[PDB]
Each structure stands twice: as structure tokens, then as C-alpha cells.
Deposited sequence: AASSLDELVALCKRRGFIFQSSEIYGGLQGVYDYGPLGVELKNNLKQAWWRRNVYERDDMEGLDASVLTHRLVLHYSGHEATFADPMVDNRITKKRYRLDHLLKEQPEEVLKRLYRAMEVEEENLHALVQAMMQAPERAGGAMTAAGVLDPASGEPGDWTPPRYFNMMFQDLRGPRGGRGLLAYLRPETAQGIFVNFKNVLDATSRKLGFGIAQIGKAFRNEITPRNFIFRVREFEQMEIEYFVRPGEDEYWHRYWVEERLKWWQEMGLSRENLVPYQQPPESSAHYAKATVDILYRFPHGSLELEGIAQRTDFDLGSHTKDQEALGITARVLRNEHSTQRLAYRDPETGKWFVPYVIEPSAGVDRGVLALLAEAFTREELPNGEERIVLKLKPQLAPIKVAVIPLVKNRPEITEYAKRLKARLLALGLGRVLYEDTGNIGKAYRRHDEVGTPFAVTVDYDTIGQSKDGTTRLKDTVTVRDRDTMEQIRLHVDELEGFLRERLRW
């Protein structure tokens, strides 16, 4: 585990995980960019999440909605009226600053040409309920998963990835029948909690907090936050709320014909009825929604934070090692040529990297950087699990003349630091064993 927030910010910048967006012109404070190593880890996390909640389940439909949100969507969801914070200057009278990113479509800044950069992914889901329903012919006890970008017009962007203006989320909207709501809520909480550990976070660092009714927003019958023990303090990773029929409620047509339980605004615009019908009979009703929502960047940081570890070495000095779960490492194997000038060597290495990539266990990388020592260092810092290295013996140029050593390479374990030399054909099975899911 890592001890300081800056150790991370430093590594992140130093090894190419994260960079201050627009750095060369002073930065656009509050927005960051993901480097070579960052994109990989980030994507690996998003994928593992998608595989788990969509592919592996049989009640989940996927989605990808746009960032440009029509003014109305955000009126009827309440944001226009409440997504704000209390602000002032130096002392003027106090007033709420609505934190949404607004931008005007086309020609003129007229009130009717205003649109928003969605501040959360969920509304995209809600407005498409009927749509999704029609096209898939889904029955109840079902949700819609989605990953995407969101923009919060924060006032003061604090410590790193935490208080940012642009970021990404992984949200699910699980539609449920009014009666069964309380069950599904605890079901999802165990599930998400469980997932995070499988990804590599320790139970000791996870904290399932249940919000007291003072904190619960009006339509939220209950909600639990999963916090992670970061170096600088506990920060929220994911939130599993229970929103009754508020969301579907606020956007649907024929509001008073469908017995809506949460208080909604009169909707004089919606063209479709977002409700479900046929509880064996013919009743229309608005489903209740359970909603797990995680923040991609937070997750990426949690993983780094957890993995980060400093080890003392027998000679006296230390080393930084990202102990990331293998399947999630930005790089799985690094193939390194002992000498940089030799062509039969580089050409072999490259031929080998490809053979390994073909196993389909994750990114294999051909490394041509000078100094076999620097390489090992660079890799432990970015958490890659294995390093295979190629030398003259591997080729067949043994100074003694035998070829008993042709096609064998040394593979160095990231964690144990143990190096063993094995023949290539065994190397495959070795890797399957250790890298498969």
C-alpha cells in the first residue's frame, strides 16, 4: 500500500499514467489526461466491469448515450433546480451556483439554443427505457449498464483525480417491481463489494457506509457508499442507491394514470410512456430502480494506491513495485534483448513477443531501452508481472559451441524477483497458468 498522495501523483506523472491536461500552457486545472500506461489500466478496468455485468449476466442490456443533453431532460430530472452548491466572494451576499456545464447550440446564445454537458450518465439510461424495452422485449428483473463521460462544473478542484471537472463513470440501472425493491438493493451491495475485492482491493480498506436519513436525498429510500481508504483519507468509490420510481417517474407521460410513489414534477413534454405493464394481469406501473454507480478514475487510483509498495533490498537500497493484479496490468510480459546493436537478437525478441501476444493473455511488449538494469526497474514501477530476456544462448551462439541452450530464455518474476531459465514451449503453459482469468 502507498503512504502519501504525492508519491502517487509523482509516479503517475513519472511513468506515464496520468498528466495534467494542457500542461504546456499552464494546465486546465481540474482536467487530466491518461498516458500510455494509464489508458491501458483504465481500459482493463472498464472491460473487466463490462464482462462481469453484461456478458456474465442474463438480465443486462448495454448502452452508450451522448454527452450533449437536451435542456429539458435536466429540467425534469431536477438538476436545473438543485444540482448546485452555496457560493460567495470578497463578502457578497451568498447564492447557489448551479454546477452544470452549459453550452449553446449553433447561431445565437438564445435561451432556446442552450444544451448541457451531462453531469452524470444515468439520464441517458432513463430516457431510453421505453426504447430499450421495445427493441429487446425484456421482462422485469432487468437492468441497463453503461460507461461514459460526465462533467461537473466544480468551483475548487482539489487534490488530483478527486475533485475534477471531466471524468468517467460505470453505472447500472436495475429496474425492479415496486414490491421487491428492498431485496435487490442488498443483493447489489454484496455483489459490487464482492467485485471490488476480486479486482484486488483488500477488505480492510473497503468501507460500506450506510447513509443516515438526513443525508438521503428525498426520493432515495436508502443508500450505501463504498469508500476506499486512500493515503489522504477515505474517498467514495461507488454508491448503490435505491431510487424508487423517481427517475422513470419524472420523465414519463400519463403520470397520474400510473400510481407514481415519489414526488415528481408535472411533465408536459414527454412523448412516450416509460412504464411497465402485465403483472400477470394488465396493470401499468412504474418500476423502482436500484443504482450502482462507480467512478472510473477513483477506481484506477484505488488500484494504484493499493498496489503501490516500497521494498527494502538485501544490498541496502529500496525499490518501488506496483503489485497490480496480473490480469489488469497495463503490460503482461516484457521481452527484453540483452544487447541493443545485435540484429539476430532484436529480430528474435520481436518474433517471440508476437508468439506470446498470440496466446491472448494480454499485452506483450518488446522493450529496446538501454541497460537491462533500467528495464527491470521501469517495469516493476509500472507493475508488469513478467520479464523475459533474450541473449546469445537463446539464439544459438553459445561461446562453447553447444546448442543445448538454443530457444531458452530467462523469465523474472515481478514480485519474487526470482529468475528461472526455461525453454520457450514451457513458457507458454507457465504463462497460461499465471495469467488466465
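According to the record, the deposited residues with no C-alpha atom in the structure span just 91 to 158.
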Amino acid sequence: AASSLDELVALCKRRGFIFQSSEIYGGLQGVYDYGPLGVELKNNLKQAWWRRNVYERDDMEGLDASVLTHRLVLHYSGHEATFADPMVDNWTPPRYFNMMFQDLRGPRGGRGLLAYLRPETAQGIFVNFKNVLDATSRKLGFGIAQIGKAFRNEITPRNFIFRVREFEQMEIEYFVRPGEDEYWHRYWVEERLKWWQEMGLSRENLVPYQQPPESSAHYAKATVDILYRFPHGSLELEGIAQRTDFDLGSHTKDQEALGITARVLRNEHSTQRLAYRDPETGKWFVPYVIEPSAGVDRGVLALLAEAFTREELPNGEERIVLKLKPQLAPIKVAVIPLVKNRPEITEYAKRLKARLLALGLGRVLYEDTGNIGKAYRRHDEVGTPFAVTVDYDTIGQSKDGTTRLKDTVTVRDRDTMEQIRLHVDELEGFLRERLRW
From here on, numbers count along this sequence of modelled residues.
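Between the stretches 201 to 209 and 142 to 150, it is 201 to 209 that shows the larger average CA temperature factor. Note on 331 to 339 vs 291 to 299: mean CA B-factor is higher in 331 to 339. By the numbers in the PDB entry, the CA B factor is greatest at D89 among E238, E173, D89, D247. Considering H185, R266, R229, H251 together, the PDB entry gives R266 the largest C-alpha B factor. Among the modelled residues of its chain, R165 has a C-alpha B-factor that falls in the middle third, as given in the PDB entry.
When the modelled residues of the chain are ordered by C-alpha B-factor, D368 sits in the highest third. Sort the modelled residues of the chain by CA B factor and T402 lands in the highest third.
Sort the chain's modelled residues by C-alpha temperature factor and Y76 lands in the middle third, per the entry. In the PDB entry, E344 places in the highest third of its chain by CA B-factor.
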